[PDB]
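As a starting point, one isolated chain is supplied in structure tokens, in the form deposited in one PDB entry.
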């Protein structure tokens, strides 16, 4: 009836990770503004390392005349847009590294498991830093849009506008992902509950490392469209690889680059890895004939 007892708490995870999570403000001029900065959109960001590199969502910082980063300790910075990637909806920011910067705990050896308790940390509706608790509902989710699918952690940790670009962490404080999107599909007009997505941390890292190295993310481009044995070529793919190879639409591609092609997704990934300008074999079955065409890859067209 009296308590020397200890309340179940995730405060430790909070104390470890929260300081590294920042408030990102996208400020823009308005014809209305008449020379006065106004907040277009706002969200969150994660301080990845002490050099002052910050991860956030691209849609948070799009078309910004100024980007402001606010730390929980009071410090305010103006940030440099290192680069962004529409495909992953990621963007990297840079800030003054003098003194000390808090960093988000990362553990590359950690395997996120379905059912893991996670906290979402961000700045919903600009109320200030909010911590919500949920679990990992799923992994490898395509998201709301089937096409151009990307791996997503799904979580029922409450996510609202302002949470974008913020962190998802486990009870140990380790970064699990970057909260990006929530599901709103009408489906009879009701409101979807407890369904939000995060870019997995491993992907976040790789993309950040590529945006710091180059102003953008560099991928190989074949310029074809098709749906999932073998794969069918539907897209016109005009110019570039399609012209260089003179590919014929309506054909099925058995294998490419000393590797099998059962699923287009595993294939599309492979295509992106390869450097731009390289030429490799493509195996298609046209009229039940094993035809082979040489083709030059090129850097993925900017979005």
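Think of the rigid core as the biggest set of C-alphas that the two forms share within 1.5 Å after superposition. Numbering follows the first chain given and starts at 1.
Note that the form deposited in another entry isn't included here; everything after this is about it.
Once the rigid core is used as the reference frame, the Cα position of residue 70 differs between the shown form and the other one by less than 2 Å. Residue displacement note: residue 15 has its CA displaced by under 2 Å between the shown form and the other one (rigid core superposed). Positional change of residue 242 between the shown form and the other one reaches 2 Å or more at the C-alpha, relative to the superposed core.
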